[PDB]
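These numbers come from the heavy atoms of this one structure, side chains and all, not from hydrogens, waters or symmetry mates. We're numbering straight along the sequence, starting at 1. Whatever order the structure lists ligands and atoms in, that order sets their numbers, starting from 1.
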Amino acid sequence: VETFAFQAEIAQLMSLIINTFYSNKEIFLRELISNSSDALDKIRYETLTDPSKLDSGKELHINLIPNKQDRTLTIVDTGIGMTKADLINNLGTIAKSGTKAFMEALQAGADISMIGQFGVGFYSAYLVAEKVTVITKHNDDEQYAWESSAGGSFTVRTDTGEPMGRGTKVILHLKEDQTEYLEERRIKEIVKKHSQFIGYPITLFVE
Ligand SMILES: Cc1cc(C#Cc2ccccc2CNn2ccoc2=O)nc(N)n1
């Protein structure tokens with residue numbers, strides 16, 4: 001297991017999301033589904049010129065899986081997936097400028113719900129999760145497990161769990177007072193309100 005430190009700017013963003021009083025937490029879902037949609041659009045586009053890129057799975061969809069026993073809400077997509085390089089450097093590099101812009105916008109009057117317009121919506125997951133685990137598999141890389149409870153660091157390890165073929169699984173270990181996001185009617189409500197026109201099937205599993 002490798003332990004890495006977030007760039008100061010991203011750690012700052014995460015603490016703001018965790019510390020700022022902001023009731024409209026449900027927007028975290030739209031941000032994650034949006035990321036999944038972008039990842040699906042990407043593998044889709046790439047397969048138009050290299051069909052073999054779908055040998056790891058032709059289905060392009062999103063699964064939303066709640067589990068009360070483990071108190072988790074998992075967002076699963078069969079998108080392009082992330083490389084180890086994305087996990088350690090690429091994503092953080094891009095998020096740096098997005099965070100700055102977002103920060104400046106906030107002090108200018110914007111609010112947390114607009115985080116997605118700055119390209120760093122992923123971190124909104126910390127509005128409802130005490131810990132986030134990301135299992136991902138990109139075509140020319142191994143399957144990895146990324147994890148972070150914020151606090152300034154994250155870990156990456158080669159994942160030996162059940163292989164997923166291709167895609168990303170964001171596991172949200174929900175905070176004790178945010179279990180409403182495990183309820184089918186609540187998830188259904190949120191998807192209908194903020195993600196009704198996603199161009200991929202979104203299946204809401206039931207417990
Ligand atoms: C390929 C792909 C990418 C994403 C994403 C993202 C994204 C976009 C902007 C800033 C930070 C991130 C993610 N950062 N993450 C997620 C695990 O390790 C990280 O550093 N989400 C999905 N579902 N699929």
Side-chain angles (χ1 to χ4, degrees), residues 1-14 16-17 27-47 53-54 56-57 59-65 73-103 112 114-127 129 131-159 164-173 195 198-202:
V1 181
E2 289 176 292
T3 300
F4 306 81
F6 281 113
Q7 292 169 282
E9 299 71 14
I10 293 70
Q12 186 169 54
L13 171 61
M14 291 171 80
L16 179 161
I17 290 168
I27 65 88
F28 77 93
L29 224 217
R30 172 186 61 196
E31 294 313 315
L32 297 179
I33 290 178
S34 174
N35 284 348
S36 288
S37 184
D38 290 349
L40 289 160
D41 283 341
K42 197 171 189 180
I43 185 61
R44 150 87 69 54
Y45 175 80
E46 273 183 31
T47 67
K53 283 185 178 179
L54 288 190
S56 49
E59 282 188 53
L60 301 185
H61 70 151
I62 297 173
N63 286 164
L64 298 178
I65 311 174
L73 173 59
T74 300
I75 293 74
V76 182
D77 70 66
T78 49
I80 192 158
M82 298 175 278
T83 58
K84 193 178 182 189
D86 286 323
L87 297 176
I88 298 177
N89 291 142
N90 303 333
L91 277 32
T93 294
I94 190 184
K96 196 177 185 305
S97 63
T99 295
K100 174 189 173 68
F102 181 45
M103 295 297 98
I112 294 175
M114 306 162 81
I115 184 177
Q117 301 177 53
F118 300 89
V120 294
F122 172 75
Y123 306 108
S124 67
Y126 288 91
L127 284 173
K131 177 168 66 179
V132 179
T133 306
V134 177
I135 310 303
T136 192
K137 172 73 176 63
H138 185 102
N139 277 326
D140 304 298
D141 212 331
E142 306 177 67
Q143 187 168 303
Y144 297 103
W146 174 100
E147 190 168 67
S148 181
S149 300
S153 69
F154 65 92
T155 63
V156 173
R157 69 193 68 182
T158 295
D159 184 47
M164 58 191 291
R166 190 200 60 252
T168 300
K169 176 181 307 181
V170 179
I171 304 170
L172 308 174
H173 296 88
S195 307
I198 295 294
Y200 297 100
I202 294 175

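Listed by number with element, the atoms of ligand 1 under 4.0 Å from a non-hydrogen atom of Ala39 are 1 (C), 2 (C), 24 (N). Each of the following atoms of ligand 1 lies closer than 4.0 Å to a heavy atom of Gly81: 1 (C). Ligand-side atoms of ligand 1 in range of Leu87: 17 (C), 18 (O), 20 (O), range being under 4.0 angstrom from any heavy atom. Less than 4.0 angstrom separates some heavy atom of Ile80 from each of these atoms of ligand 1: 1 (C). Remark: ligand 1 atoms within the under-4.0 Å shell around heavy atoms of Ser36 are 23 (N).
The shortest separation from a heavy atom of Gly119 to ligand 1 is under 4.0 Å, placing the residue in contact.
From the protein, the heavy atom lying nearest to atom 6 (C) of ligand 1 is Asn35 ND2, 3.9 Å.
When the heavy-atom distances from atom 22 (C) of ligand 1 to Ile75, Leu13, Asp38, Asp77 are ranked, the shortest goes to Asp77. Between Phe118, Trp146, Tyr144, it is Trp146 that holds the heavy atom closest to atom 20 (O) of ligand 1.
A donor-acceptor contact shorter than 3.5 Å is absent between the side chain of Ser56 and the backbone of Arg166.
Between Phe154 and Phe4, the ring-plane angle classifies as parallel under the 30° and 60° cut-offs.
Applying the side chain to side chain donor-acceptor pair (under 3.5 Å) test between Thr136 and each of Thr83, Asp86, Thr168, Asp159 identifies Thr168 as the sole match.
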